[PDB]
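In what follows, every chain begins at residue 1, and chains take the letters A, B, ... in the order their sequences are listed.
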Amino acid sequence: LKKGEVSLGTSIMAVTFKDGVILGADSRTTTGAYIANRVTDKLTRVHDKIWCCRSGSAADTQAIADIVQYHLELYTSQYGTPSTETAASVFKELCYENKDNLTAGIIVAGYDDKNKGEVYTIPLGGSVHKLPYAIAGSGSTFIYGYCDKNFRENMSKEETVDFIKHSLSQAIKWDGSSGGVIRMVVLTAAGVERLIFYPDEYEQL
Amino acid sequence: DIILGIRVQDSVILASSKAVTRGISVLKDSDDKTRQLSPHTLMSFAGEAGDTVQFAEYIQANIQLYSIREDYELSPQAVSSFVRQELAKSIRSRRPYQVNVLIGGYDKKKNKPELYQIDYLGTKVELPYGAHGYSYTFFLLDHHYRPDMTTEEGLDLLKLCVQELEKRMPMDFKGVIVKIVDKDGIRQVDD
Amino acid sequence: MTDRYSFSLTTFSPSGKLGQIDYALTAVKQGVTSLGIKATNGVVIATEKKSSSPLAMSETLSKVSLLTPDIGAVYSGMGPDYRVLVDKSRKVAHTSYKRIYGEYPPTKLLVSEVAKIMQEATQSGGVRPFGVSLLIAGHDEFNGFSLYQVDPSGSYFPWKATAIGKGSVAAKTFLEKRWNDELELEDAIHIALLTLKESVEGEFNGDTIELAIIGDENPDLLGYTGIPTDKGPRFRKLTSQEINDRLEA
Amino acid sequence: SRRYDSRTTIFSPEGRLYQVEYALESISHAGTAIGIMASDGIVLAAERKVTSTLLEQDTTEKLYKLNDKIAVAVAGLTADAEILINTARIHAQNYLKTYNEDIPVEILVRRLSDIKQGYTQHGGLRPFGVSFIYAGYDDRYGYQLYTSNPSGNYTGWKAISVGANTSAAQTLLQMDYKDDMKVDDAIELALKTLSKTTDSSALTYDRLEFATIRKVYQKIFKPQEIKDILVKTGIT
Amino acid sequence: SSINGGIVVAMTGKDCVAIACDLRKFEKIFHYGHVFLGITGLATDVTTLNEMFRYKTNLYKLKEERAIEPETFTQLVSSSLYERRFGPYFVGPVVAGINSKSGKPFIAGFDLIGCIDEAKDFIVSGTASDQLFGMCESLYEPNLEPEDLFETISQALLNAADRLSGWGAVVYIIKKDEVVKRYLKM
Amino acid sequence: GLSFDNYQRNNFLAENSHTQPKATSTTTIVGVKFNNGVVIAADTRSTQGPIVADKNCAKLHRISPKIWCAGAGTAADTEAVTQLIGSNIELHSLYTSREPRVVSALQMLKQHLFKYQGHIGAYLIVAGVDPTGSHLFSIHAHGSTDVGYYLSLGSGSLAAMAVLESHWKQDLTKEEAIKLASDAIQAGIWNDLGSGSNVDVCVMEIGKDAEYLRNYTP
Amino acid sequence: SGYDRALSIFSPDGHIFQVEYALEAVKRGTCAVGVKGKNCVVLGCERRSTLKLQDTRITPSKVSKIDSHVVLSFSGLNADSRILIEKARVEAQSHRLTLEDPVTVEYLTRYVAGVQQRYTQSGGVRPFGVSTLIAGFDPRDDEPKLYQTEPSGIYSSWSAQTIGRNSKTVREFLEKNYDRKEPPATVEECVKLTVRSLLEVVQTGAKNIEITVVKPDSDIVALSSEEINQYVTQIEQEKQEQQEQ
Amino acid sequence: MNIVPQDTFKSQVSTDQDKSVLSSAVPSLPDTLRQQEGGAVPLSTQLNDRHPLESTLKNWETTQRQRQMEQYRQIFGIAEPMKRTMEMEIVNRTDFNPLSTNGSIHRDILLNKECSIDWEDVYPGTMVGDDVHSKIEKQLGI
Amino acid sequence: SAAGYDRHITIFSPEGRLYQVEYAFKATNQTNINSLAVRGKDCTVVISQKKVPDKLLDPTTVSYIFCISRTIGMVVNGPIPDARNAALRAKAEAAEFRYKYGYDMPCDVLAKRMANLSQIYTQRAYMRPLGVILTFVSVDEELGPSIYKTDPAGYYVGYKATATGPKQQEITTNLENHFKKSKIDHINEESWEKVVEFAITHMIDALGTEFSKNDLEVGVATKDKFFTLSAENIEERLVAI
């Protein structure tokens with residue numbers, strides 16, 4: 001990490017449920033002890049139903065996301081809608097081939113008519129892992145055990161929303177770089193849905 | 001590595017000490033710290049071993065090429081400007097090396113002697129007298145310099161400076177090679 | 001290796017004439033007529049908008065292009081060459097002058113750059129010379145208003161009033177008798193309209209001819225207010241409504 | 001023959017370069033330029049062959065300036081001439097920056113001639129097809145007048161002419177030139193030669209370019225000055 | 001031998017400018033027509049900049065067929081300085097001149113990478129915090145005659161020199177028509 | 001492009017006897033977005049270290065007649081980058097024959113700043129209007145961009161941000177937005193030593209020419 | 001026939017015709033003769049009659065000093081000779097820089113021949129239409145050296161060689177008047193022989209002859225018009241006296 | 001698929017690595033006179049003390065071009081990068097202008113930089129060489 | 001026919017013409033099929049004629065309409081290999097524009113880009129023009145429905161409506177007469193289906209002898225997406241007059 005950059009210290013979550021996937025994050029961007037931006041949309045979109053959340057260096061992650069969106073546009077022009085695995089592979093290649101110059105970590109959530117929603121994680125270094133759910137960020141370390149004790153396969157939409165809300169609320173509570181509102185994107189067969197939850201709602205949980 | 005140059009009314013006198021190497025005993029009669037750029041332009045150099053001689057030979061080759069190509073002799077001012085440009089270009093993309101150059105000539109078109117000094121960064125300055133090496137002698141030159149001095153007076157002043165330098169030096173200071181550039185060309189004084 | 005080179009396409013004929021340049025001039029002489037007139041208050045550049053198909057939108061293609069806020073140009077010959085040269089000239093106006101001296105280039109220097117680019121294509125090994133002729137009208141502080149003509153060979157000359165294209169000879173003859181040192185911008189516009197009226201075989205209205213002027217500044221076209229020293233653009237393309245109004249009057 | 005003229009890098013069986021000869025032949029299609037070296041200055045004159053009405057005669061097609069001491073007269077294609085003139089200006093500025101002195105005329109002439117010769121020795125390059133008359137002053141030789149052709153050869157002259165009527169102009173100069181003429185005599189001789197060798201009815205001011213180099217500064221005559229000189233010389 | 005360092009003072013008069021430099025030959029002020037430039041710093045970089053600007057101004061005069069204005073020269077100097085972004089010269093330049101078409105005096109200053117610092121009263125280069133900027137500010141009065149401006153700049157140079165030894169100064173007074181060069185061998 | 005010559009010579013001079021001359025390091029910059037446009041304001045006092053150099057500095061840069069920006073950090077880098085992006089934007093608008101967009105300038109600036117890996121010290125606030133609406137972005141020197149409604153930058157950015165958090169709401173008029181920006185700049189001036197003097201303002205509204213105001217406070 | 005359109009095409013009988021055509025281009029140039037003596041080398045060159053208006057202060061000379069001990073004359077296209085001479089001078093200076101020793105005559109001849117050969121190894125280039133004579137002495141040596149180089153890149157060592165236009169007559173004259181067993185002892189005899197050889201083709205005489213004399217320890221002297229005129233007058237007087245009786 | 005250029009350092013060195021400038025007396029050694037670099041610049045000094053960003057800036061558009069070609073190969077096939085490289089090579093090889101260094105218009109059109117300016121475009125930047133013949137020899141390989 | 005050269009490369013004939021460009025233009029009519037493009041109120045419709053002389057050929061694989069991007073559709077008149085080459089290059093150009101400038105590529109900009117490439121092909125001696133005619137149709141967010149045509153000569157221009165093919169004169173004259181009668185530079189219908197029906201009727205009354213669902217190919221561009229109709233959609237449009 002080059003000196004004087006901006007670090008994406010956040011709370012990133014992605015949970016796969018019966019009807020698709022949900023990607024959630026906070027909205028805090030800090031530079032040391034000062035909150036540079038308390039309203040930040042960290043749910044980066046790379047395709048109509050393929051979204052991602054970034055961590056590490058903001059500039060490197062933004063460049064990688066732009067290149068991945070370009071690649072997916074070319075693929076869609078040629079072959080049509082890509083699967084989440086292809087986007088994860090492009091992300092992994094971009095992160096791994098430049099790991100000596102760029103520090104980047106991605107969490108990719110996607111949906112398609114065949115696989116029915118998937119979550120992939122590319123941590124620092126460039127490895128890729130496919131998981132039923134993923135958490136990342138500086139504030140994730142405080143919810144690990146919680147996330148291991150309340151996740152069930154094939155949950156309904158409401159159960160997944162509540163699980164993500166509770167976990168992100170705890171991460172916000174215990175982490176200094178996590179705060180603000182909770183933003184969630186639901187990817188299902190119907191379409192893309194946006195959800196925002198304010199502090200006065202999740203702080204009472 | 002001590003070089004001196006004194007400009008008098010009709011000529012330029014350049015004096016250079018014998019070059020020595022650390023831990024090596026050498027006995028020779030030659031001037032390896034001076035190159036004749038042209039029949040009326042002489043150059044003396046002092047600095048790091050290797051780089052300085054390569055630069056001096058490069059400059060001499062370029063000036064000889066110009067003289068052959070144009071069938072004409074460059075003025076001392078043009079020679080000094082070319083040397084300054086090449087020296088600035090040499091350290092363009094590398095760590096600078098220690099080098100100090102005294103260029104003495106006799107402009108035939110102006111019919112007058114000239115002397116220039118260029119340091120390691122490429123700063124060309126026209127001087128009435130100059131020295132490099134030990135850092136003592138500028139006071140002696142200042143108190144005993146006149147713009148209208150003859151060759152003999154300049155040689156006497158150079159002898160006084162050489163004696164003063166030898167006295168402070170721990171008797172390891174060998175002889176000084178002295179050359180005179182004037183209207184008749186470049187000659188060496190064996191006195 | 002025979003792949004390291006390519007023989008020159010333009011070569012001297014036994015009579016001493018470069019054949020490709022002459023053929024490019026011949027191609028230019030078959031194009032639609034364009035003209036330029038220099039007045040004491042501005043320079044008028046005019047041309048005829050040809051249309052192979054009546055269903056084509058005439059406003060989508062413009063034969064008059066803004067090079068700089070003070071310099072404009074018109075072409076006669078091949079359209080694609082005009083488009084490529086206009087793009088290159090717009091890029092050069094910024095790379096060579098504005099990013100160096102902090103100001104837009106004069107008319108003569110931009111014309112010289114365009115002429116050099118055009119000449120470089122006549123001494124090459126795989127590109128034919130550009131088959132266009134150029135009329136460039138501009139204004140600069142230290143030289144007033146200027147009009148130049150650039151040949152496919154890369155030669156440019158200043159003109160008081162000139163015309164290129166199919167009816168270049170007739171237009172030049174008409175403009176020889178209708179030019180003087182006391183001419184005004186409005187008189188120049190009227191003379192240009194009259195000269196174009198004798199060259200258009202088909203419908204002659206505001207949607208078949210195109211005009212532009214280099215005159216006084218237009219501060220309303222800057223798009224921002226607050227800086228007195230920021231002069232507005234002097235190049236202005238006359239609308240079809242204004243052309244119709246002038247034709248009626 | 002037509003089997004040995006399509007390329008610039010092929011010799012004819014007799015040992016002739018046909019493209020270079022065609023480039024030399026192309027010179028006679030341009031206006032006439034005359035250079036005369038006087039005992040205290042240099043005079044350059046040029047006849048505008050392709051000048052008619054409706055042309056801004058105030059604003060130079062044959063006379064160009066390289067530095068404060070060297071000027072050129074052009075006969076041939078104007079675009080190639082501009083290319084070579086910009087190259088010569090850059091070379092003169094480089095010489096001034098390097099040696100802190102003004103470049104001698106012969107060095108610049110030789111550089112341009114070498115460029116011209118190099119352009120005749122590559123398959124993908126055609127000869128420039130321009131001729132230059134160089135008028136310059138330097139502290140080595142004084143005033144000097146040179147000419148260079150598309151082949152890459154250059155020569156020094158006391159009075160030279162290029163263009164469309166070179167033979168007649170050279171004959172007139174040979175008849176009338178004197179080694180002790182002044183600048184005014186050279187101006188009068190150049191004007192008389194241009195008037196005699198012109199293809200127009202009269203030698204009007206609108207079809208002439210004039211320049212002088214004299215003590216050292218240049219002077220490019222404006223149309224009013226040209227008209228005044230024509231009136232003085234009696235040509236009117 | 002030494003030479004490095006120095007001071008440059010630029011002041012604006014009624015219809016004239018004054019540019020002054022110190023001196024022990026080697027003068028820090030050079031003119032490219034009716035525009036003057038004074039550079040403080042390494043002598044090698046000063047000479048390099050002088051040669052480059054003479055080159056560029058000669059080419060500009062040959063092409064444009066006219067002299068270069070102070071504003072255009074200021075922009076040119078800024079761009080040339082920014083070209084060496086990662087290898088910048090150890091210099092501070094100051095430009096003075098009179099616009100030959102409008103007559104308004106122009107003075108500007110630059111950092112080592114060509115950031116233009118245009119001041120309407122006066123500009124000090126080399127040393128601007130010890131005894132020069134304050135004394136120039138105290139002694140400055142707007143809209144002075146050329147003689148008054150010359151006296152003010154000479155007084156400022158003397159005050160800076162005092163705060164004795166071998167000292168000289170070169171002062172240029174620039175009007176729209178003629179330029180006066182004076183020495184201060186005091 | 002930019003030359004790397006004399007890098008070793010400069011390092012040697014710094015390490016042996018010489019000190020490299022410093023570069024101007026530019027000072028409050030603010031941007032406030034109101035219902036039908038944006039306002040970008042900056043302080044006008046520039047100080048050379050601890051000494052005030054000028055009481056009226058134009059720190060507002062122009063990219064397009066309706067796209068403006070204000071920069072902090074190295075002044076030369078900010079000016080050069082803004083001018084280069086403005087030339088590119090003008091060429092692109094001529095090529096497409098359309099009004100330039102703020103997103104295009106943002107993309108160009110981001111890619112250019114990421115090319116040099118943060119060696120160009122320009123931190124920008126870019127505001128503007130285009131056929132798609134009014135936009136306001138913040139650009140970091142390493143090539144990262146952020147979107148917001150009100151932004152502050154510079155040495156006195158904390159006081160300006162406090163003022164903005166105090167008196168900002170979604171529905172604001174042009175006069176209220178100008179007053180809020182002026183108040184933020186004034187707080188940065190009074191409570192910090194890096195800002196002073198007057199304020200430069202630029203207002204860009206949808207469907208109207210950009211209005212540039214110098215010395216709004218007097 | 002059809003085999004003369006490129007340098008890379010052999011003819012059925014085994015000739016490259018473009019080389020012959022370059023030699024034909026050479027044959028049009030002015031005559032150039034080189035004579036090797038007992039202790040000197042003399043290079044004579046024929047000049048065209050100068051025109052009335054042509055300047056006579058700055059015209060390039062036929063004989064050029066490549067180095068303080070080596071001179072070079074040419075015949076053929078005058079423009080390519082400048083390129084060859086410049087390359088030779090640069091190579092001489094480079095060799096002196098790299099090896100601290102001035103070039104030998106054979107080394108410079110070989111370099112010029114190599115450049116000429118290298119300019120015949122591509123179809124997009126034109127060979128130099130110049131044939132050169134290189135004369136001098138090896139450093140710290142008293143053996144005269146004279147070499148001839150051809151456009152194809154072939155060089156040879158001669159004792160007396162004429163190249164250019166009407167060179168066959170001068171070559172026959174030298175073959176009938178020069179014997180290698182008895183080279184001229186003095187410089188004056190060599191100069192007289194060179195003048196008499198040149199006068200076979202030169203229409204006017206002293207005003208179309210240029211002579212350069214090279215002697216060891218780098219002694220290169222270009223004769224003036226008066227000396228050549230004296231030689232020509234003496235030769236004409238001797239010829240008239242011999243023809244009288 | 002690289003964003004920042006990689007492998008910019010030399011792996012081997014020799015005295016005859018610069019094939020264009022080699023001595024004729026000793027072909028295994030470089031020609032110092034014709035290099036025209038200053039006369040005191042050994043090659044080893046080029047291996048140490050370089051600005052870290054110089055390599056990144058010097059080879060930046062090439063890396064993006066290579067990444068674009070790799071993406072085309074992955075998505076479109078071999079034919080698309082083959083055709084792009086063939087067109088670019090034809091355009092580069094046909095051009096030969098010894099008196100200029102500015103690129104052609106068609107090269108910019110192929111590179112999609114018709115209306116793009118960088119510091120390379122703004123800043124495009126002797127006794128021996130730098131003439132037409134040297135460039136002819138370099139181009140033709142003789 | 002060219003006399004000497006110009007049979008191989010693109011240089012000027014003595015009359016000042018480029019014969020290779022003209023021959024490439026002539027090569028565009030080999031397919032003997034016609035295409036027609038019209039603009040609706042907020043949509044654009046392209047209709048092309050399908051010919052399947054060989055009964056062994058699979059009809060579903062025969063197509064000359066391509067989806068360059070989400071908003072831009074393209075119709076190619078000419079041989080199919082150059083058609084596919086141009087389609088791939090257009091896709092790459094549109095994606096590169098979107099990546100570089102941060103917004104979707106307009107139709108006119110893509111047409112100008114392809115025209116610049118065609119100019120490169122017409123000027124370079126070692127490159128040949130593609131013997132195809134391209135028609136880009138879309139709904140630009142700043143200009144509404146848009147049709148732009150580019151030819152092998154490097155010339156591009158926008159049309160209120162257009163028709164290209166071996167029988168383009170009849171369709172062009174019929175469209176001109178209709179526009180003169182209705183005095184509107186477009187079609188005053190709010191649904192793209194009615195515009196498709198109008199274009200089918202115009203093609204029927206221009207070419208003659210009608211056609212079935214297997215002899216037609218229809219593409220519709222809206223402000224959201226460009227799509228290509230199938231056999232059932234074309235047949236249903238045929239039913240409604």
Angle class for the [X]/[Y] ring planes (parallel below 30°, perpendicular above 60°, tilted otherwise)?
X      : Y      : answer
G:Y107 : G:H95  : tilted
D:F132 : D:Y134 : tilted
D:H91  : D:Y95  : perpendicular
D:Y154 : D:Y146 : perpendicular

Heavy-atom proximity to chain G below 4.5 Å, by part of [X]:
X      : value
D:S161 : neither
D:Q174 : both
D:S113 : both
D:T147 : neither
D:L17  : side chain
D:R3   : both

Examine whether an atom of [X] lies under 4.5 Å from a heavy atom of chain D, and if so say whether it belongs to the side chain, the backbone or both; otherwise answer neither.
X      : answer
G:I83  : side chain
G:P60  : side chain
G:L7   : neither
G:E20  : neither
G:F128 : both

Take D:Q218 and D:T212 through the side chain to side chain contact (heavy atoms under 4.5 Å, CB included) test and state the conclusion after the steps.
CA-CA 6 Å; D:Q218 313 180 29; D:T212 48; over 6 Å; no

Select, from [options], the one with the greatest count of heavy-atom pairs under 4.5 Å involving chain G.
options                     : answer
D:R16, D:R7, D:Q121, D:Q117 : D:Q121
D:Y177, D:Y141, D:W157      : D:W157
D:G124, D:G15, D:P13        : D:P13

Would you mind telling me which of [options] has the largest number of heavy-atom pairs within less than 4.5 Å of chain D?
options              : result
G:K52, G:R28, G:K27  : G:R28
G:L77, G:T59, G:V125 : G:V125
G:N78, G:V26, G:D80  : G:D80

Quick check: D:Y119 with D:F128 (ring centres under 6.0 Å apart)?
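They qualify: ring centres under 6.0 Å apart.
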
For a quick test of reading the model, state the closest non-hydrogen atom pair linking [X] to [Y] and the distance between them.
X      : Y      : answer
D:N149 : D:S131 : CA-OG, 3.8 Å
G:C31  : G:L198 : SG-CD2, 4.3 Å
D:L173 : D:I34  : CD1-CG2, 4.2 Å

Under a 4.0 Å N-O cut-off, is there an ion pair linking D:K178 with D:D180?
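A salt bridge is absent here (no side-chain N lies under 4.0 Å from a carboxylate O).
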
Within the side chain of G:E150, is there an N or O that forms a donor-acceptor pair under 3.5 Å with the backbone of G:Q116?
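Flag not set: sc G:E150 to bb G:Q116 has no pair under 3.5 Å.
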
